[PDB]
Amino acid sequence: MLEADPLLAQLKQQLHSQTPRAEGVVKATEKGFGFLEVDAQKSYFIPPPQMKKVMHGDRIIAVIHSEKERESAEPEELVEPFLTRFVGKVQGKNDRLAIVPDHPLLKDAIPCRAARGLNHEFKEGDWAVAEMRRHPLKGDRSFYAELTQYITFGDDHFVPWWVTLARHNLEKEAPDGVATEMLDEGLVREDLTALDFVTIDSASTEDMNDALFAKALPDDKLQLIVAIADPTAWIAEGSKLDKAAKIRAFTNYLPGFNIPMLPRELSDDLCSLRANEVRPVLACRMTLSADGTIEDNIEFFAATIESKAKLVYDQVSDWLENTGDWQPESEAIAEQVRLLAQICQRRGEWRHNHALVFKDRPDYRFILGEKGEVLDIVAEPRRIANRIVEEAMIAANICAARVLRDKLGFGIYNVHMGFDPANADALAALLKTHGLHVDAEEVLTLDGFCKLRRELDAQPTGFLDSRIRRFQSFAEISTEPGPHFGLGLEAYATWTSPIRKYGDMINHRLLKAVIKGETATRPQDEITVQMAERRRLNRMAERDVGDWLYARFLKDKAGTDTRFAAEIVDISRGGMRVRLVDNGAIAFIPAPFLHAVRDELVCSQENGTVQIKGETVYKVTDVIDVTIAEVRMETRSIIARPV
C-alpha cells in the first residue's frame, strides 16, 4: 500500500470507503473493455485493465469513479462467479494445459490441471468437466480450473450427447438396477386378456405405456378402457429400484436414444404393453356421453391385458384418411380404431365446449445414421392418430384427478395458474393499448383465461399473443388439486406414463390404495421439487443436443442459396431469431443483414418489431424466407440471411 500514515491513513481509508458502489453483472466485448450492467437502463464502463479481474457474467460489486469523459467501474468484490462447474475442450501439452469453457461467450482458455485421484491422462482435444478453483477477485493470482471428470475424446461421434449430459449432470446410462419379482399387492386383477386392446405409437417406441379398448353401449354412449403399464407391481415404495427411480424423475429422451428411468428390461420389455404378450395393467373404465362428458361411474381397477396390435400413428392416420399401404389386419382391430376415432371426435368436442384446445405445432424427429450422423430432421405433424391417444390420455388423467380428489384429497397434480396475479394489471393494460379489451381480475379466473384465449386464437396472426408470452406462467407440480389454466380444467393429474415418470408411479400407488380401500400417505411437497428440477434439466438437455445436431446438419448448407421458410420467433437489439419451419432449427439473423445503415434501423424487443425508416418491415410472428449464411461449429450457431 501507500504507507506514510500519521492519521492520513485513516483519512484515505474513510475516503475510499465512502465512494459509491454498484452491484451488477459483467458484460465483456470483442475489445479489451467491458461494462457493469446494473439494471436494463444503467451501466458503467469497465477499463481494459479492470476487465482482467473479471469474467463475462460474473456478478460483482464495483467502486465508481467519476472520470473526465464518463463514470467508470472498478471491480472490488465478487458476489457470484458466473462459472463454477463447467464443461469444455482441453488445449495444451502435457503438464501445461488449459480448458476453454463451452459457453459461447467465453472464448478464453483457462489454465488447469487434473484432480488428484483421476485416472485419465488428460490431453489436447478431449472434453472434460472442470471446476473453477481460482478467481482474481478472490485475491488469487489469476483464473484457474481443475479438470474433474473426463467426458470423452473430441472425435467421439456422440460428443453432443455426452457433453450435454455432463453439462447438466444427467445420467448417461440406463439404470444399473435389476427387475426382481412381481409383487402381490392384494389386488384382484380382472382378466381382460381376451379383449381387443391396442396400442398406438411411434414406430420406434419400445416402452408402450398405454393401451386402449373401446366398446359401443346403448344410448349412443361409448365406453373406453385405458390400460396403463404398471412398473409399481414390480417396484415397492421404498425399494432400491424405487429410490433410484425417484432420483432420475423422468426418462430422458434425446435424438436417437433415451436414458430410461427404470431398468431397461422392465421398461422396454416386462412392463411395456407389447403386442401379443400378457401384461399387468392398472386400468380405468369410463363411460362417455353423446356430447363426450365423462359420466360419473368411473372405475379404477387392476387388470391383465394382452394387446392385439402395436399400431403406429402415421399408419393409423393414413388409414382413417385412407391412403398408404397399411390396413388393420383384422376386422376386430379395425372396429377398435374407428370406435377410438369416435371417442376422439366426442372428446375434442367436449374440450372445445367446456375447456381449451391448444392449437398444436409439429414435432421434429432426428433421423440418425449408424455413426450418429443426422440424415434428416423431419416435421412430424399431429394428425388424428395422435389426437386419438391424446384425447384418451387427457380423459384418463381427468378421471384420476377426480378420483384422487374425491377419495384422498391429495395426489401428484399438474397445476397451471395461467397468468401470475402480480402481472394481471400489466397484461390488461398492454392488450387494451393494442385495442383488445381485457379485465385483469377476470383474466385470473379460469373462464376469464379461456375467454381471452379464444379471442386470441381468433386473431389473424399470433402477434398479440407473442406480446403477452412474457406474462405466462409454467405448469408446476403440486401435491394437492389446483386449476390447470392452459388445459382449461379444474384439476388434472397424470398417471398414464409410469414407465417414464416417477410422478405417475406415485399416482399409481395412490390409485391402488383407493382401489383397495386403503389408507394413503400424502406425498411430501419436496419430491415435487426433485421432479420439477429434473423436468427442467431434461427439457434443456433435449433442446441442447438438438441445437448441436441442427448445426452439424445445416453445416453444408452455409453459403448456398437453398431457401428455408422461417417464422420470426424473437427480436433483440442484436437482430432476430427465426425457426426454420420444416426442420425446426433456430437461426440468428444479425441486424446489419436487415439494413446495413444502423441509423435507420430499430430492433425493439418490447415492441417485438423491426423498423426501417419508421415503417415496420418485420414483427415477431411473420413468415419470411431465408438462406443459411454461416454456421459456426465452435459455438453451434446458425446465421441466416433473408431473401
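From 1 onward, residues are counted along the sequence shown.
Participant: On mean Cα temperature factor in this entry, is 374-382 or 266-274 the higher one?
Facilitator: Comparing 374-382 with 266-274, the higher average CA B-factor belongs to 374-382.
Participant: I need to verify one thing: averaged over C-alpha atoms only, is the B-factor higher for 277-285 or for 140-148?
Facilitator: Going by the record's values, the stretch with the higher mean is 140-148.
Participant: Out of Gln342, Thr164, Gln315, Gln524, which residue has the highest Cα temperature factor in the PDB record?
Facilitator: Most elevated C-alpha B-factor of the set, per the entry: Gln524.
Participant: From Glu391, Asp108, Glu306, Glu185, which pick has the Cα B-factor that tops the rest in the entry?
Facilitator: Of the options given, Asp108 has the highest CA B-factor in the PDB entry.
Participant: Lowest, middle or highest third: where is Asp363 by C-alpha B factor in its chain?
Facilitator: Highest third of the chain for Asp363's C-alpha B-factor.
Participant: When the modelled residues of the chain are sorted by Cα temperature factor, does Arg96 land in the lowest, middle or highest third?
Facilitator: Within its chain, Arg96 is a highest-third residue by C-alpha B-factor, going by the deposited values.
Participant: Against its chain's modelled residues, does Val569's Cα B factor rank lowest, middle or highest third?
Facilitator: CA B-factor rank for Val569: highest third.
Participant: Split the chain's modelled residues into thirds by Cα B-factor; is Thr479 in the lowest, middle or highest one?
Facilitator: Its C-alpha B-factor, which the entry lists for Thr479, ranks in the middle third among residues of this chain.
Participant: Would you mind checking where the Cα B-factor of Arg469 ranks among the modelled residues of its chain, as the lowest, middle or highest third?
Facilitator: It falls in the middle third of the chain.
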